[PDB]
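A.B. asks: Protein chains in written order, with the deposited numbering: chain M, 1 to 111; chain C, 3 to 245; chain B, 2 to 250; chain D, 3 to 243; chain G, 5 to 247; chain K, 1 to 198; chain A, 10 to 252; chain F, 1 to 234; chain E, 6 to 250.
1. Could you name the residues of the stretch 118 to 137 of chain F whose beta carbon sits closer than 7 Å to any beta carbon of chain E, in the order they occur along the chain?
2. At a Cβ threshold of 8 Å, is residue 13(C) touching chain D?
3. Going residue by residue through the stretch 96 to 148 of chain C, where are the continuous beta strand (DSSP E) segments of at least 3 residues, counting only ones entirely within it?
4. Buried or exposed: residue 145(D), going by 16 or more other Cβ atoms within 10 Å of its Cβ?
5. What residue from 100(D), 48(D), 65(D), 176(D) has the CA that sits closest to residue 222(D)'s CA?
6. In chain C, which residues lie with their C-beta within 7 Å of the C-beta of residue 73(K)?
7. Nearest to residue 55(D) by alpha carbon, out of 141(C), 50(C), 233(C), 173(C)?
8. Mind pulling the beta strand (DSSP E) runs of 3 or more residues that sit fully within the stretch 88 to 154 of chain E?
9. Please work out which residues of its chain come closer than 7 Å, Cβ to Cβ, to residue 138(A), disregarding the five sequence neighbours upstream and downstream, and give them in chain order.
10. Is the stretch 34 to 44 of chain D close to the stretch 158 to 168 of chain D, with three or more CB pairs under 8 Å?
11. Starting from residue 144(F), follow its DSSP beta bridges and name the residues at the other end.
12. Count the C-beta pairs between the stretch 90 to 105 of chain M and the stretch 57 to 72 of chain M that are closer than 8 Å, then say yes if the count reaches three, no if not.
13. Which residues of the stretch 79 to 91 of chain K have a Cβ closer than 7 Å to any Cβ of chain C? Give them in chain order.
14. Using 8 Å as the threshold, is the C-beta distance between residue 245(E) and residue 219(E) below it?
15. Using CA atoms only, rank isn't needed, just tell me which of 156(B), 176(B), 222(B), 172(B) is closest to residue 255(B).
16. Under 7 Å between beta-carbons, which chain K residues line up against residue 90(D)? List them in chain order, please.
17. Could you check whether the stretch 111 to 124 of chain G touches the stretch 134 to 154 of chain G, counting it as contact only if at least three pairs of C-beta atoms, one from each stretch, sit closer than 8 Å?
18. Does chain G have any CB closer than 8 Å to the CB of residue 221(A)?
19. Around the C-beta of residue 237(F), are 16 or more other C-beta atoms found within 10 angstroms, so that it is buried, or is it exposed?
20. Between residue 129(G) and residue 121(F), how many whole angstroms is the CB-CB distance? I'm expecting something under 8 Å.
21. Looking at the strands, I want to know which residues DSSP matches up with residue 52(M).
22. How big is the Cα-Cα spacing for residue 136(K) and residue 67(K)?
23. Shorter than 8 Å from the beta carbon of residue 126(C) to some beta carbon of chain D?
24. For residue 236(G), does the count of other Cβ atoms within 10 angstroms reach 16, so buried, or fall short, so exposed?
25. Based on Cα-Cα distance, which residue from 95(B), 96(B), 153(B), 76(B) lies nearest to residue 129(B)?
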């Protein structure tokens, strides 16, 4: 029986300050009881002043983010390099995620 | 020169659909067929057109057909176009029976067919049916009913109608003698008493006919549908005005 | 020329589809062929013409077996007939034998074939078949039968008739010497004397292809043990059986 | 010439094929819709010219689409039967997906939607029908009356007519129908519909069909006598002056 | 004539003019030549510098297929690239199935069959180019030249384009005074020569020469582009003889 | 399951149908009408799976109504139930079948006779003098086998039906929150809002 | 005013000229071919004209090997014939696969005369302008020869001819067969039959041939082979004296 | 007398071997405004002359981005360009996500040629009516191309297309030796482009409202200078 | 004479006449006028009814696309209903995906990428609809990035932004007048009397609040279609200033 999912540990955190915001996340990456790398980032700038991190199953994470960033790219292409309002961003991420409602991305994402 | 009759998909400056009109013109080239309503039955009479000395005609038929066990039709126009319809007309008729577990009402069947003929008049790459039909049947909704339909896709209910060749004549004669209550054996009378007058042949020979009727009463609480045999004809034909 | 005879989809002002009649012309041109219904049989025949004697005519049939109780012939465009045939022998299984465990009656095969003939018409983008066939056979409940099928898709039943170049008269000859009684041997006769005038070539055993529907051949099966499976009624006469009946005129 | 296809514009920006379709609506018999302020009345004429036919199941030109909406037309008869069917089904599908029964505009819109769909791609021919849709929306009391053309456009009217000699009947209506004050009685609203056809009917009430529709899915056809009871009362004041 | 409008239509003498006109467009493009040495072949095309604003060494007209087939054409340039991409799939799927890199002779049909096809349907335009190609397989080297009707064969060396005859007579020659396979190296040299001599039809329009070759000994089975030093030599080794 | 009763008398059909609606632990409603009128003289009660139940009912209702304006004639009880059994019949062999059982009781103005058809989700149809779906039968069928007579008055049927309910209450584990009754006849449908107002 | 433009329209006399014109194209080949059958072999003859010192003749034939028993010769353009050669070449493969045995000459010709009929009635493409001649040694008829054309025709030949010279090569044979009163050439081995054709052809054309002006293939007891380049010179020698 | 029964469809060869429908297409490129492009060994430049309707309407742009390292200017039918530039944006994105390598400019030519290709070989349609000058900066430094509706993409050093474009191309053909060497300095490579474009004005002169510019190179991701920002060149 | 019968046929001088005729279809519509002001944007149209029995509001010549975008069309009405429909769906969808309002030009954009779908034959993709739409659009809206904008959509597939523009039978004289009136510091009430004035001028019939419809859009209240009483007095208040000077 082929099981398409895996858990690469990790933890991320996001606090919203009065006029700034942070998003942290350790660098360790694991598989069962072993180590795969002591430094493998899980927090990226996606452009338009927006940080994002998807934590859970390594691969689904990388996928979502890549898929999100390629999306910011096209939002500019179609609306005159207009800036992506972070609220407009989350609404968009919803659709990305719900896109796979019946073969879900095994991750907890945070922008 | 330049005319607006090149196809069905084209309105002439005056909103005419020539291609359809020409099909309606193909009918006047068919053997005369008649249908007469009666207080107790319906009569279908036709006059085989095609002819030759060696042409089998005592077995097979060409103008009268059974669609339902309670509905019959007279054909007139393109032979092949007639079968294509007649068949689907039969399938539809059976689906109604298979769904409602009741027999299909006449007008419904005539309407379904007229609705297909309608369609071949509005879509490109299609040629309208070069057929005309006289439907004679009975249902518990409106007793006996006589209907007619042409290539244009319109249909209507007559008390006595004729289609085919010399419709003007046949139509005229009827318009005259038809007594509104007229019994069946008087319609079968009037059938020939009209077909005769509008023929050509030195004499009206039996082998050149097709009769069928629909009767019912208290007896068989239902309808009996008969398609006369070469025999009965050659006979009832003499009983009238032929040696 | 009209401006209406170049479209299957077009009605002339009177009401005549055009392309059909010109198709029906290629037929009224083809080599003469006839069919006679007897009382205990039916005969279908058509002539043969050689491009050159360097060609083997005994590898190209003209009288074909559709079902072991039905055969058919033609007059018009050669090539059409060849495949119109194989499509007929199939629509005979897929449409009847495979649903009712038995072969089809004459009437319905002729109509299943006119059905394929119909398609060629109703539809621009294709041309109708330039052939007209005489199909002859017999089925239990209907006795023997004779039918004609034209590109127009229509089809009729005769007692006797001919189609082709020399038909006007051949169809005149027959008209005279036909009556409800002719036994099969008589028909086979009356046929040759009509396939006679309708030729400019010769009258041997090869240039004549004739077959007939008659009695069952308990020999032509290949097996024996099952009572009801008795045999095929269709018999295509051989080059020999012929010229013998030619000597006795 | 440029009037050969639906997909070609003439130099001046026309599309004649669609225009010619309309020339056929004029061929058909006359229909006329007249609304009051508590009702709507449709009227027609019967092609009573060549009869020795039945009578029982004779078309009334007016058809119900739902319990609260009726439709009347003019033009290619056979063409009309399909629009009437298609609109009937849609009327029932709307109830199935929204509980609420259709609105008179939603129906008109759906119809004209179809009529326009048949002037899009080639290898299709525009319906030769023009129609009048009248009725009352669900739980509403404002009378409504719309008209649709073969081209695909729809419009609402206080009163309107289509078909042969619709120019005449229209003139009449125009100088009689008061925009500021519509017929306040079903009886007078009828009277007005009748007297208008009585300029193209060629005498007799044997050539006039009248159907009345009020609120609450309450619709009702008219009989031959009732209809004559007006031909009567209007043939009086006619020479009365 | 009404027989030169459609692409499928046969003229009364069984002539398909649309394909013929196709050729007229081919014998007007630049000049392309193909040399078949002993083991491997040599290709060369005439590139035309219209203006001084044309980065040189760029805008290549010779394409490799897989990694062992040379390929050059003349006529409609876009039609060119096209016919080749197909060849590139046709190639690839073949190696993915049989493992062994595609047989130069096999390859040609694939292309013919394809060009073939664009002469069958009236909804498409025949290929507007003549193509020359070849490479080294298991049976050594081969050199073909396909054309607008899909017709083609094997050659000792050939060429198409506005100036092809001179290319031919000065080509047949090399055959006569060498009946036994030319020379790997030498081919290139004599190649750059055969172009100049043929360019005298574009004389007033300074040009740039492009040569590629494929050989079991110099290339090592693979098709490579003749750039660098041997590229110069071959030019002068031709510029000298041009005097 | 829900309660679905029906009985044909002298000249009319009567339909009983429990009022409660339950989602798991609670009872979201105790006044639900499991009925749905297909036409002036045809009525159809239903009971089955949560969602499937009324999606289907309405669907059927829509088809009948469509047919009725189109033909301007009213489809008969016999033909109406025939159509239903057709659909459900096709349903059972489809990606996902409706799990709905029904009762159709109309008045055939043509024969002037009341008729009651009982159909289950499999497409099994049968004409009966009285019927019920699910477990509803075991508690009643014997009482009706005992007292039912075809000559019964509408007035007598109700009295009978009352007994069956009283029994359903005394021995059935579920509390169906009462029933709603309805009568079909030559004059159409009306609701006996007095078996509830009692 | 364009009957002859469309492959689907009948002239008032049921002609379909597009199919007719198709033929003239089967002649602009300018190659003649005759095929005669031995007693356990079959041989086809055809001239090999190569008008260019550049084309390497190895790739210049009009006879291909459909299957390991059947061979084919074509009287038409190398592009079109190369097509047909392929389809048939594949019908073979599939037939075997679907039926357990090697496909007969007589059949393959019918799949083609049929294929080029549907090809021609549905109008899905223009008819190929070539004539196909199928030869082989069947295991139920050995010396077998069938020939199909563009109009979807075919038949058996005791030995036939095709080219710009029908009658000559033909009549010449009709008088040689008019004597032997049999329907085949008598001889124990192919070698000798081959010699018979060349022999009996030069007679009709009036010209000598070398080891490059001709081209022949033959069929044995299941093993079709093309005659070698040099080997064709052989029998040419042997029959240059036994005159 | 004097017809041309060979120009009705893109799918018909005239007796000499010409595709007239395609030819007519180019003719529509000539009817459009002018645009210029030129590049050195560190940058590429697009200079375009936007056109307009009334003194009330806006000037229709003609520079289009495609990636951080690529873009083009157009002449002719605006819509066609949209479709093309768009197909291009797609091709670059694929080559970016999948392989993670910036699409080389030459490749973008092949791609725009093979797409323009299809429209000259089939029935029913028409050829793109628009020319483009593409610029970019891959691993081979600067790059400039010139595509025509016939599918002919040629790589130049400079050029112009549009009505009167002629004069500007001439100029560029002389100043060549000069600019091909303007490395490290963008401000001068543009002043060059602007000079060359003025060689094509006849009506007016370039104002801040109708001038558009764009650059890309070594350390300059494709950016577009519009209006009030191109003032230092007017 | 011969090249104007195919929507995919270039004339010898690179022209597509069928498209041009398309436009010529609009001139037949009645006039529509749009004037943009730093205060908001105004849209006005001549109704022009054949009869007094028509119901005015039956003629939707000005409609809402969304709370912040409205428009007026001119040309074939059936063809309009289809664009208006697409436009509305375009707006609403974008809202759904982004939780924000679609930029006026990005909307206008999608409207043109629709007309761009004409042509029948099959050379690759597929865009089912034979010819060009016969109508133009005046799209008045407002968004946080570029403020009050006004656009002109043509079936050609292109569009320009305007300060003021007029379309329809009268766009000839109307556009001239507007060229000599419009100025950046126009108040909203000022533009209303101007749109109203130019119609009356190059219109025809006595300008009554029945044959003339007027609307406007603002940041504050979005798209609102002036009711009859307002427009009515705006007309009186207008026709008055004509007495003196």
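In this text, a Cβ means the ideal position worked out from N, Cα and C, and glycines have one as well.
C.D. replies: Looking at the coordinates:
1. 118, 119, 122, 123, 124, 125, 126, 129
2. One-based indexing of the second chain puts residue 13(C) at position 11. Closer than 8 Å to some Cβ of chain D, the Cβ of residue 13(C) qualifies, so yes.
3. 133 to 141
4. The residue given as residue 145(D) occupies position 143 in the fourth chain. Result: buried.
5. Looking up residue 222(D) in the fourth chain gives position 220. Comparing Cα-Cα distances from residue 222(D) to each of 100(D), 48(D), 65(D), 176(D), the minimum goes to 65(D).
6. The residue given as residue 73(K) occupies position 73 in the sixth chain. The contacting residues are 143.
7. Working through the fourth chain from its first residue, we reach residue 55(D) at position 53. Ranking 141(C), 50(C), 233(C), 173(C) by Cα distance to residue 55(D) puts 173(C) first.
8. 140 to 148
9. Position 129 of the seventh chain, counted from the start, is the residue given in the question as residue 138(A). 31, 34, 35, 85, 86, 89, 159.
10. yes
11. Translated into positions along the eighth chain, residue 144(F) becomes position 144. DSSP output for residue 144(F) lists 135(F) as bridge partner(s).
12. With the cut-off at 8 Å, the stretch 90 to 105 of chain M and the stretch 57 to 72 of chain M touch.
13. 79, 82, 83, 86
14. In the ninth chain, residue 245(E) corresponds to position 240, counting from 1. In the ninth chain, residue 219(E) corresponds to position 214, counting from 1. Their beta carbons are not under 8 Å apart, which means residue 245(E) does not touch residue 219(E) by this criterion.
15. With chain B running from 2 to 250 in the structure shown, residue 255(B) is simply not present.
16. The sequence position of residue 90(D) within the fourth chain is 88, counting from 1. Correct list: 66, 69, 70.
17. Between the stretch 111 to 124 of chain G and the stretch 134 to 154 of chain G, the count of C-beta pairs closer than 8 Å reaches three or more; the two stretches touch.
18. For this step, residue 221(A) is matched to residue 212 along the seventh chain. So no, residue 221(A) is outside the interface.
19. Beyond the ends of chain F as shown, which are 1 and 234, falls residue 237(F); an answer cannot be given.
20. Residue 129(G) sits at position 125 when you count from the first residue of the fifth chain. Residue 121(F) sits at position 121 when you count from the first residue of the eighth chain. Their Cβ separation, rounded to whole angstroms, is 5 Å, which keeps residue 129(G) and residue 121(F) in contact under 8 Å.
21. What you label residue 52(M) is simply residue 52 of the first chain in a count that begins at 1. In DSSP, residue 52(M) forms a bridge with 44(M).
22. For the purposes of this step, residue 136(K) is identified with residue 136 of the sixth chain, where counting begins at 1. For the purposes of this step, residue 67(K) is identified with residue 67 of the sixth chain, where counting begins at 1. Rounded to whole angstroms, residue 136(K) and residue 67(K) show a C-alpha spacing of 33 Å.
23. In the second chain, residue 126(C) corresponds to position 124, counting from 1. Output row for residue 126(C): interface = yes.
24. Taking the fifth chain and counting its residues from 1, the one referred to as residue 236(G) is at position 232. By the neighbour-count rule (16 or more Cβ atoms within 10 Å), residue 236(G) is not buried but exposed.
25. What you label residue 129(B) is simply residue 128 of the third chain in a count that begins at 1. A check of alpha carbon separations from residue 129(B) across 95(B), 96(B), 153(B), 76(B) identifies 153(B) as the nearest.
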